[PDB]
Each structure stands twice: as structure tokens, then as C-alpha cells.
Amino acid sequence: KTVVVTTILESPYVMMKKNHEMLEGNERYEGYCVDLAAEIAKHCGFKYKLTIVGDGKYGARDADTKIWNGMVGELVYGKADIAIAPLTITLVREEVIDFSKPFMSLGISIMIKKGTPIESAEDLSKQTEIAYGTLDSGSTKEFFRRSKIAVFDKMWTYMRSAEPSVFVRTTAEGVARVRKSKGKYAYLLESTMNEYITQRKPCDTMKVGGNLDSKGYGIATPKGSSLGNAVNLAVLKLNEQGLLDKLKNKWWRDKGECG
Ligand SMILES: N[C@@H](CCC(=O)O)C(=O)O
């Protein structure tokens, strides 16, 4: 049986190939997670179909309906068999789906337009001229919502209250806002995405400050699925064999364009 893989368009994990409208099936896509999916499938002995998550989201539980959206929802409601994506391992997700051990480490970070007078989350929290926000329906937003650390709680209070919204639907939208705002908007995003984007033209953004936390992305399967065990062992093997580092350097180091 062909395994349905849910994933998300998020550079450099999964990207549409150039001129993709002429292409079909898995051949439409490239990136770190496209390469990782082929390795996991080989190691686990399955054929698979990559499917971009219908709503474009990572996955959160709606506070009002208690329904999961995003890739998490596609696993919970049976629409996909596995998620191979930069999906953060979190407590609320682990309650409803399973995760492999991490395939990549990360933490929350800050992107600014070059020259913006901000060095830290504390700097953001103590002023109002520069607006800032996060992605909807992901783990960064939930981090701020739940934090009891004074600086991050002050940031949450500001973000949830801002009108019009400072939250964006896609990472690309957040980055576009950093640029369009001439640096009057800063963006809170994971260090992995920040490190890729800041090294691609136009070379006008930068990462500032230390990471705010330390966590990992995992391969997710529906709770109790027969694939979970083999997928976890495959992640560990690929790490130990050096393959995850090679893919990281293919999609980050080797893609740099900013000198
Ligand atoms: N990796 C995050 C999405 C990106 C973010 O929230 O900054 C997640 O799994 O929700």
C-alpha cells in the first residue's frame, strides 16, 4: 500500500521545483524533507506519495472547537499516514500523534532587516516602534502564549492585542513583511528557517540574539501506527551514518548566496 506523506511548502524543506506546472507527482517537489522522505521510505520498505497539507498549516488545536488543523490534523483524522516536515515535537502534539526522535535541532530566533536597532527579545519587548509577530497554528505562537518568562509574556501580551494582526499564515509572509516594512517589523521564527533565509538573496535580513529555547523536529505518525517503530530506527541510522548532516549541508551551506 502506498503511504500518504503529508508535508508543507516551507523552504528549504519542501519547495516547488522551477516550472513545476509541467511536472507530476513526487517529481514536483525538492528540498531537505523531499530527500529525507526518499531515505526513510527506502529504509522502511514503502512506496509513498507526497501531499502538501491542504490548509498550509503545521497544526494546532482550535481553542473553541478542539479540532486539530494542519499536518497534525491530517494524521489525527486519518487523511495521511506520516508527516515528513519541520514539525516540532511538543507535548500537546505527543498527546495525539507519535514522533520519531529528532532529525534536526532548533530554537526560536529573531529575524530583522539589517540595521534594525534590535539585538534581543528583551529589546523587542521594551519598545513599540518596531512591531513583531509569529506564524499562526505553530509551536512558536504556542511558546509565547504559554510562557511564564516575563519578557516573553510581555511579548505575547503585545502580539495578541495588536490590530491589524502581527501574525502571519506562512513563514514567507512574515519574511516579506520584514522586508516591506523597511525593518519596522521583526519576525519570530525557528533558527533553521532563519539561517536558510538570511543566506539567500536579497541579502537584507539577519538573525539576532541567542535562540530562546532548544527543541527538535520529528517524523510524525498517527498514534500507535505500525510505521512508527521502523521510522524511528531509520532516523537514528540516518543520523549516525552522517546522512542528515550531508542533507543539512546540501540545503543550507551549499545554498548560501550572501558570501
Ligand atoms: N516547526 C513549527 C512551525 C514553525 C513555527 O511555529 O515557527 C511547528 O511545527 O509548529
Side-chain angles (χ1 to χ4, degrees), residues 1-42 44 46-62 67-90 93 96-100 102-104 106 134-142 167-176 187 189-190 192-194 196-197 200 217-222 225 227-228 231 234-235 247-248 250-252 255:
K1 176 168 183 131
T2 300
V3 168
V4 177
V5 179
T6 187
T7 193
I8 188 163
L9 290 174
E10 184 74 84
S11 300
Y13 296 96
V14 183
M15 299 178 287
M16 306 304 307
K17 290 182 185 171
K18 197 166 175 179
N19 199 34
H20 58 90
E21 292 176 2
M22 69 171 295
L23 304 176
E24 299 186 273
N26 292 350
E27 285 73 24
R28 290 169 289 182
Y29 307 112
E30 60 187 351
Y32 177 103
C33 282
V34 176
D35 292 347
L36 181 57
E39 289 281 2
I40 294 176
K42 186 64 172 282
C44 294
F46 65 76
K47 299 172 167 168
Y48 64 98
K49 168 189 280 200
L50 299 176
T51 298
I52 306 303
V53 60
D55 66 9
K57 297 178 171 290
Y58 285 88
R61 194 177 86 170
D62 186 280
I67 289 166
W68 287 95
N69 68 12
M71 291 178 283
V72 177
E74 297 192 343
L75 296 176
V76 165
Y77 306 107
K79 304 173 184 176
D81 303 307
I82 191 168
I84 304 178
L87 186 65
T88 307
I89 298 161
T90 67
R93 293 170 178 170
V96 298
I97 62 183
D98 289 335
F99 287 96
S100 72
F103 66 85
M104 194 174 296
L106 69 299
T134 82
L135 186 67
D136 282 336
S137 307
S139 58
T140 300
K141 190 170 178 187
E142 181 75 3
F167 303 113
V168 299
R169 295 167 294 183
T170 66
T171 304
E173 283 179 79
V175 176
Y187 188 56
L189 78 172
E190 292 168 336
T192 43
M193 304 183 196
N194 200 1
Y196 178 77
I197 296 164
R200 297 290 291 183
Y217 298 145
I219 307 300
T221 45
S225 159
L227 284 181
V231 165
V235 169
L247 291 183
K248 189 83 186 300
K250 178 179 174 182
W251 293 102
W252 276 253
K255 295 284 282 175

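When a residue number appears, it is its place in the shown sequence, counting from 1.
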Exceeds 12 heavy-atom contacts within 6.0 angstrom, atom NZ of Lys49
no
Looking at side-chain heavy atoms only, is the closest gap between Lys141 and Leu135 below 4.5 Å?
no
Might you work through the side chain to side chain contact (heavy atoms under 4.5 Å, CB included) test for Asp62 and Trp68, ending with a clear yes or no?
CA-CA 6 Å; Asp62 186 280; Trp68 287 95; over 6 Å; no
With heavy-atom distances below 4.5 Å as the criterion, would you say the side chains of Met71 and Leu87 are in contact?
yes
Less than 4.5 Å apart, side chain to side chain, heavy atoms only: is that true for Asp98 and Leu75?
no
Work out which heavy atom in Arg200 is nearest to a heavy atom in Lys255; give both atom names and the distance.
NH1-O, 2.8 Å
Once you round to the nearest 0.5 Å, how far does CG of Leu106 lie from CD1 of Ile89?
9.5 Å
Would you say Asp81's side chain and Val4's backbone share a donor-acceptor pair under 3.5 angstrom?
yes
Would you check if there is a donor-acceptor pair between the side chains of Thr90 and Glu142 at a distance under 3.5 Å?
no
Just by distance, with hydrogens left out, do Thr88 and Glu190 show a side-chain donor and acceptor under 3.5 Å apart?
yes
Do side-chain atoms of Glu74 reach the backbone of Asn69 as a donor and acceptor pair under 3.5 angstrom?
no
Does any part of the side chain of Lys17, heavy atoms only, come nearer than 4.5 Å to the side chain of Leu23, both counted from C-beta?
yes
Within a 6.0 Å radius of atom NZ on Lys248, are there more than 12 heavy atoms belonging to other residues, nucleotides or ligands?
yes
When rounded to the nearest 0.5 angstrom, what is the spacing between CG in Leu189 and OG1 in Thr134?
10.0 Å
Quick check for you: to the nearest 0.5 Å, what is the distance between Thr170 atom OG1 and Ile8 atom CD1?
9.0 Å
Could you go step by step and tell me if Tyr187 and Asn194 meet the side chain to side chain contact (heavy atoms under 4.5 Å, CB included) rule?
CA-CA 9 Å; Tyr187 188 56; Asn194 200 1; over 6 Å; no
Looking at every heavy atom in both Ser137 and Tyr58, which two are closest together, and how far apart are they?
O-CB, 3.8 Å
Calculate, to the nearest 0.5 Å, the distance between atoms CG and OH belonging to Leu36 and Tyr217 respectively.
13.0 Å
Between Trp252 and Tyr13, is the ring centre distance below 6.0 Å?
yes
Of all heavy-atom pairs between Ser100 and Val231, which one has the smallest distance, and what is that distance?
CB-CG1, 4.4 Å
Testing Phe103, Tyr48, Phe46 for side chain to side chain contact (heavy atoms under 4.5 Å, CB included) with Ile40, which one passes?
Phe46
Enter the distance from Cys44:SG to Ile219:CD1 here, rounded to the nearest 0.5 Å.
10.0 Å
Okay, side chain of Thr7, backbone of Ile84: is any donor-acceptor separation there less than 3.5 Å?
yes
For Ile52 and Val14, what are the C-alpha separation, side-chain angles and deciding distance, and is it a side chain to side chain contact (heavy atoms under 4.5 Å, CB included)?
CA-CA 9 Å; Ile52 306 303; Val14 183; 4.1 Å; yes
Using a 4.5 Å cut-off on heavy atoms from C-beta on, say whether the side chain of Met104 contacts that of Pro86.
no
Please lay out, stage by stage, how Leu50 and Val34 fare under the test side chain to side chain contact (heavy atoms under 4.5 Å, CB included).
CA-CA 8 Å; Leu50 299 176; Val34 176; 4.3 Å; yes
If you take all heavy atoms of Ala85 and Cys33, which pair is closest and at what distance?
CA-SG, 3.7 Å
Pairs where residues 19-39 contributes a residue and the test side-chain hydrogen bond (donor to acceptor under 3.5 Å, both in side chains) is met, not counting sequence neighbours
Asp35-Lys250, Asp35-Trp251
Can a donor-acceptor pair be found, under 3.5 Å and without considering hydrogens, that links the side chain of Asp55 to the backbone of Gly70?
yes
Nearest 0.5 Å please: distance from the NZ atom of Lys57 over to the CG atom of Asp136.
5.0 Å
Taking all heavy atoms of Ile97 and all of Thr221, pick out the closest pair and write down the distance.
CB-O, 3.5 Å
Give a yes or no answer on whether the side chain of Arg93 reaches the backbone of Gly59 with a donor-acceptor pair at less than 3.5 Å.
yes
A side-chain contact here means heavy atoms from C-beta on lying under 4.5 Å apart; do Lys47 and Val3 qualify?
no
